[PDB]
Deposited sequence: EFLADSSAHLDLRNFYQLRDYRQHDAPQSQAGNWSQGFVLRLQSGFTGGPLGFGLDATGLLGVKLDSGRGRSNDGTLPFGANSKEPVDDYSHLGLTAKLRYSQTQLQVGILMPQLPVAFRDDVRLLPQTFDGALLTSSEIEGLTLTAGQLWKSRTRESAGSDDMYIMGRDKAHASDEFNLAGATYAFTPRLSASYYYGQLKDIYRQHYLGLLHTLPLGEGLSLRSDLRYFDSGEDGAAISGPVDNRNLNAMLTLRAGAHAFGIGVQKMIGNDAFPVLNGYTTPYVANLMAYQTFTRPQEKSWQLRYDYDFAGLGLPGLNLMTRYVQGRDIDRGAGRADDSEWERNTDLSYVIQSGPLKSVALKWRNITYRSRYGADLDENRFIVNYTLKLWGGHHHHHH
């Protein structure tokens, strides 16, 4: 049993919001207990993981759940059945709040052939700190489905160039095709251009119990890395009459212009991003990083014959991984969020998040 391990992930989360068309605060604490067995010896290996989740309001117990995950392994192929945290282009579980969003399902991954990863899965339920079954975020939770089917392939053509295709199907609600092209171009010592191009095509599926689904999503992130600096531009475009479909539960839309508050995927929205990163290591402060980014959106469809909405958001994050002493490896994050829109809400918000992972064995 020496290959087994246990960890406890701790998250302390404080947010001060000023939302209006009101200054309210929130302090809370997350625990994620991860138990992972090793694998039963032999060609076909067997294992068992357990994931325990607890959210506490700051103290009153707010949310708890315990899930198990059976795992099988053979050569380069793995099957997991039970609690899952998928991080896939058509289902990228949320983890920017207190606790990670989880799913129950079965996920098969296989990397038998050099440079090729194949994925096939089915998710049956979504769980968040807030009566299950899945639906498009923003639509009728009464017209839900217990079956999300996914299949994918990623191929590294060269170590500079890889491509990905994924298919997501929420049975009887929607279908989604994803195409991604990732190109990294070296440009001299400490220099590289990362081109991250993404395309989603979303339509209805089966009985279409939540109504029509019409969205194509074109988005790209170009990132110039230079020594300890990084400079990025993002462009994103919603086409069709619908917002970009994601699974309910604040699942993260896998998109270039995703921000701390808004996703910039509203119906017909066109947006661009500027982002700057700095690693302070060279300056003598390893573990300290600055990220600041700004996204501006327009042409947001408000229907009828109304004027389109428009919006902007700025995010500034200062993050610090403590390098030594009793709190070594404790991570701190200060996030400043500023958001304005023409016809909707305005927001100012500060968050302070402390993360730490304790190894139990």
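_Non-modelled portions of the deposited polymer sequence, in sequence order_ = No C-alpha coordinates exist for 1-2, 24-28, 66-85, 158-160, 392-399.
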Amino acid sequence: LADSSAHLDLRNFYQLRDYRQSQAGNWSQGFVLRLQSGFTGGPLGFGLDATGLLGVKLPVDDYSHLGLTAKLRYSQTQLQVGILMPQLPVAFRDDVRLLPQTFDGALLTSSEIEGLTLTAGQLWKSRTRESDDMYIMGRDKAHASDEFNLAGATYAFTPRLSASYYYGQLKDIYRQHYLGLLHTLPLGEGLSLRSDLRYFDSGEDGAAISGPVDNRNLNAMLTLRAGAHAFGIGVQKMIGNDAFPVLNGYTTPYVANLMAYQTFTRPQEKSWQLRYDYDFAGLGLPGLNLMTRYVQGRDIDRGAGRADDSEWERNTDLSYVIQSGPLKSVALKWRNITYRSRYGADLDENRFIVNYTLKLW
From here on, numbers count along this sequence of modelled residues.
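_36-44 or 309-317, whichever carries the higher mean Cα B-factor_ = Looking at the recorded C-alpha B-factors, 36-44 comes out higher on average.
*Between 290-298 and 23-31, point out the one with the higher average CA B-factor as the PDB entry records it.*
In the deposited entry, the stretch with the higher C-alpha B-factor mean is 23-31.
*Identify, among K171, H177, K270, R73, the residue whose C-alpha carries the highest B-factor in the deposited PDB entry.*
Answer for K171, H177, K270, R73: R73, with the highest C-alpha B-factor.
_Using only the C-alpha B-factors in the record, can you name which of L54, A50, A304, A331 has the highest?_
In the PDB entry, the greatest C-alpha B-factor among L54, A50, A304, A331 is found at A304.
*Among all modelled residues of this chain, ranked by Cα B factor, put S111 in the bottom, middle or top third, i.e. lowest, middle or highest.*
Tercile = middle for this residue's CA B-factor.
*CA B-factor placement of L191, once the chain's modelled residues are sorted into thirds*: Highest third.
*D205, C-alpha B-factor rank within chain (lowest, middle or highest third)*: Ranked within chain, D205 CA B lands in the lowest tercile.
*Check where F13 lands among this chain's C-alpha B-factors and tell me if it's the lowest, middle or highest third.*
Lowest third of the chain for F13's C-alpha B-factor.
*Which third, lowest, middle or highest, does the CA B-factor of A228 fall in along this chain?*
As the PDB entry reports it, the C-alpha B-factor of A228 lands in the highest third of its chain.
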